[PDB]
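Quick setup: the structure tokens below cover two forms of a single protein chain, split into structure 1 and structure 2.
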Structure 1
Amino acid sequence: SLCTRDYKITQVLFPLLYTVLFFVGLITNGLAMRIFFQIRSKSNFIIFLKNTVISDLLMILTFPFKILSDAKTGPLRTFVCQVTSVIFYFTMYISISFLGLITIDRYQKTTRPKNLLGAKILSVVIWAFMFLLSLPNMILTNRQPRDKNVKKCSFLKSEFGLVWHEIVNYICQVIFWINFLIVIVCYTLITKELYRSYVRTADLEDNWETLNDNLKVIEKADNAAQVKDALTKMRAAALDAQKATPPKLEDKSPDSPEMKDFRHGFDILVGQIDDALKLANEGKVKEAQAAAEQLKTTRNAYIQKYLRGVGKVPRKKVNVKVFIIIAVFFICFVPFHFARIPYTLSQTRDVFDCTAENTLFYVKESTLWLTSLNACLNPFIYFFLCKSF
């Protein structure tokens, strides 16, 4: 009512920071639209990112109206409170909702029209839901601005309008946390799968060590008993690695040629150990060592290089796209939603002190800037792809 807010810093710092976002964002979205609208909608991920790029556009279009209003209350600030600021929040939760759907879609592809119709109807669901939340926030901004200095939208809203403001901010907390928990669960399952794929590849490489290091002992061996002990250990290690299922041959049947090449590949190496085993059983040292050294030949070394390469962890396991989403959530959306509820409470009722209401506003405005940073960082999911370079 009689509270004074220090605008000496916010009128220089924030319009300058938002000029940078408006500049970068238009270049980023300019490149994103000419790349995404020139390609067809053959997958669900393309449809969701085609909707995210048009939502990012409306978010960037809001910034010039904020640059002028924060720099200077008047008819411009009244309009910002009524139209542009509401549009910013509308497209923000649209971007969050689609980011959650992109995380689910990309997670389902790591585990493996009617499929495309589902993605298209879910797009309509998000756009209609957020508009039905934003529309009353625009209409109910009806209260005469008595003073030309009091720059707060809560003071320009009616009794029912202030109630709808409190409801929407709670619904938006539910919208954020449902999408944020979706991104956490998906990421955890991917990271858990990466550990499971690592252990299986580590056990495969350990069998190769109890085949390479044991062969070095045979080269320095003197008695027939020392060669016979190492030959039995090498045969067991090669047999154990043959039974193993690598992460590359995960979605492959045991009757497939790819699975058969891996099984027979080890049998060629097992055979050479078995040939030297017959010589070692009799009591031969030089005759058994010559047959054991046949595993180091140009042809057999290629087989060892092939079987090791098949065992290796693929790039399909390392999901960079889901990690970009979780990083965007922690930097852009998490700090903002951790300061919205204490700020919304100071807006609904004049219960806080002048210094208390001011401190909450500066924290809200600073965190709101990081939320705006997502609009210039969201098309990077498209830029870090195979068909984008």
Structure 2
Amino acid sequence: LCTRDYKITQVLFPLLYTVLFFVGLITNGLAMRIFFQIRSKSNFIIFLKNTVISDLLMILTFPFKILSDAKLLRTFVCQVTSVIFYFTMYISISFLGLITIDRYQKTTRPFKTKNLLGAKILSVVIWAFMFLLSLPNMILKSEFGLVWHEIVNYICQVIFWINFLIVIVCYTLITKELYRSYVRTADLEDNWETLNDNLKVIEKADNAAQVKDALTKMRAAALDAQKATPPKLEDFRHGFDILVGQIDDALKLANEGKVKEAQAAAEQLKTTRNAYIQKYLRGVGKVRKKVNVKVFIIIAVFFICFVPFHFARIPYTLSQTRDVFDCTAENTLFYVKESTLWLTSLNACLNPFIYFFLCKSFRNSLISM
């Protein structure tokens, strides 16, 4: 009844899925070849191995979509394959949530460092549960089928929204740890450059007020650096007392009056011994964190692919009284659903990027080929 442009409906979208089909088949194709050679020594490799299977199963659905949309039983095959598609996308969402938890657990653990049987069972449970809830939607004109369809769709939304929350919480806790790590390093680097910059002010100063003020900044910066530099586990305690001592010595001289003596007492921080102490103390406090541009690839893939579809569904699932009648609203619903479903399908082409940037043995094998 409602008509749309064939150039978008039967040309653009079948070609848009054709790109994803070949791109997905070649990236996941060589991904399976790489994973078949390397052994599962962690939960991470196991969940990534399962993702390859769900991606390959996803790609195999696209020829049925491409052919149906370009207008080329025919209705039965594009009814079974659509069930296989939604089965395969809620499996990917499920494993991506597990990959997120695993990666977060490794950021909470020390840098560069029993669940292998458990991760295998958990993976079996995901696939078996999805297959079982997909099964009646496949073969099984009954009113049971209508209510079962609403049950399955409800279960699947709860799967997305639970994994969306796991992703938001894990990346909130990661950002928080990365922020506090960056702030600690920046403040400490600021402390040592404040100490060195105010030495230059003292060297070029005239009166006592200039000398007294610069030494006050220096003393506070030295004590802040000390606060941020606790004793090492193996002279870090003594070193700061020597440097703070000299600043206090130059300060008490600047308070008594003598400016040339205070400038020279401050210049003592430039002796080979006092410079070596400063260079050592800078090193002790310079102590590894998780890579920003790398870890955040999961949240980026999750948001690009699955977030638009499930967010767009909210207004269309609690507003219109049964159905809308205006053609301009029916067509905006068609393109919103079709465009977000394509973004969802792009997960099959974007997951090989997770293997590349987060698995070292995968990256080296692909580079060697």
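Shifts are known only where both forms have a C-alpha. We call the rigid core whatever largest set of C-alpha positions still superposes within 1.5 Å between the two forms. Residue indices: 1-based, along structure 1.
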Conformational change between structures 1 and 2, one of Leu101, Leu279, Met130, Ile175, C-alpha moving 2 Å or more after core fit: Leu279
Following rigid core alignment, is the displacement of the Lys120 C-alpha between structures 1 and 2 equal to or greater than 2 angstroms? no
Is there a C-alpha shift of 2 Å or more at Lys233 between structures 1 and 2 once the rigid core is superposed? yes
Core-aligned CA displacement of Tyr343 at least 2 Å between structures 1 and 2: yes
After superposing on the rigid core, how much does the Cα of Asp206 shift between structures 1 and 2, in Å? 3.8
By how many angstrom is the Cα of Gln242 displaced between structures 1 and 2 when the rigid core is overlaid? 5.5
To one decimal place, what C-alpha displacement in Å is found for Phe330 between structures 1 and 2 with the rigid core superposed? 1.5
Return the sequence-ordered list of stretches, each of 3 or more consecutive shared residues, in which all C-alpha shifts are 2 angstroms or more between structures 1 and 2 following rigid core superposition. 2 to 9, 79 to 82, 157 to 159, 198 to 250, 261 to 313, 315 to 322, 339 to 359, 385 to 389
